[PDB]
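Colleague: here is the input, now give the coordinates:
(one chain, ligands or ions: 2)
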Amino acid sequence: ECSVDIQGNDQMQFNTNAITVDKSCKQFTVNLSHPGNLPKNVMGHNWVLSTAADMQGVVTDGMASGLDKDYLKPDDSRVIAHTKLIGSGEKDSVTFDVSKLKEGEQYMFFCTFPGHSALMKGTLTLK
Ligand SMILES: [Ca+2]
Ligand SMILES: [Co+2]
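Modeller: Numbers count the residues shown, from 1 in each chain. Ligands and ions are numbered 1, 2, ... in the order given. Take a look at the structure below.
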């Protein structure tokens, strides 16, 4: 009911590569967890949503901000929603308003930990 459970592992994989948000949802939650034994400074994962157009600027601004800032640009207005950066055994959650989304506009989800975005991305669609 308006949520999705997603795992990021030690092989730089999310266990899903497309998310559908029911247009009847007013709020959507992602619950992210890290299986596998690698710590945050080495295999850090987050979930960040932007438009497809904005993803490259977010990833590259995020790398420039460092582990200090969970590899995101503070108050990045291109970020529709994001979790915390997590390592092995931690979990994190974000809810967001579906009013921030529109049908047929392209959203991506991705990890901004350095170089992770090449494998760790997928589509987010308002059905
Ligand atoms: Ca949270
Ligand atoms: Co990652």
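Colleague: determine which residue lies closest to the centroid of this structure.
Modeller: residue 47 (1.6 Å; Cα atoms, centre = their mean).
Colleague: if I look at residue 125, how far off is residue 17?
Modeller: From residue 125 across to residue 17, the span is 12 Å (Cβ to Cβ, to the nearest Å). Every C-beta, even on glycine, is put in place using the N, C-alpha and C of the backbone.
Colleague: tell me the helices and strands packed up against the longest helix anywhere in the chain.
Modeller: In terms of residue count, the longest helix belonging to the chain (DSSP state H) is helix 55-65. The contact analysis (3 or more Cβ pairs under 8 Å, 6 or more residues apart in numbering; DSSP states H and E) places helix 55-65 against strand 48-51, strand 107-110.
Colleague: hmm, back to that, neighbour-wise, which of residue 125 and residue 17 wins?
Modeller: Legend: neighbour count by other Cβ atoms under 10 Å for residue 125 and residue 17, higher for residue 125 (15 against 12).
Colleague: coming back round to it: need the helices and strands packed on helix 55-65 in a markdown table (columns: distance to ligand 2 and mean neighbour count).
Modeller: Output for the helices and strands packed on helix 55-65, formatted as a markdown table (distance: least, Cβ to the ion, whole Å; neighbours: other Cβ atoms under 10 Å):
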| stretch | distance to ligand 2 | mean neighbour count |
| --- | --- | --- |
| strand 48-51 | 10 | 23 |
| strand 107-110 | 9 | 23 |
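Colleague: right, and these - which one's nearest residue 90?
Modeller: strand 48-51 (16.5 Å; Cβ to Cβ).
Colleague: any residues touching that closest one, and which ones?
Modeller: Applying Cβ atoms under 8 Å, 6 or more residues apart in numbering, the contact partners of strand 48-51 are 58, 62, 72, 78-83, 96, 105-112, 124.
Colleague: and what of stretch 55-63?
Modeller: By Cβ under 8 Å, 6+ apart, stretch 55-63 touches 48, 50, 69, 71-73, 76, 78-79, 108, 110, 112, 114, 117, 121.
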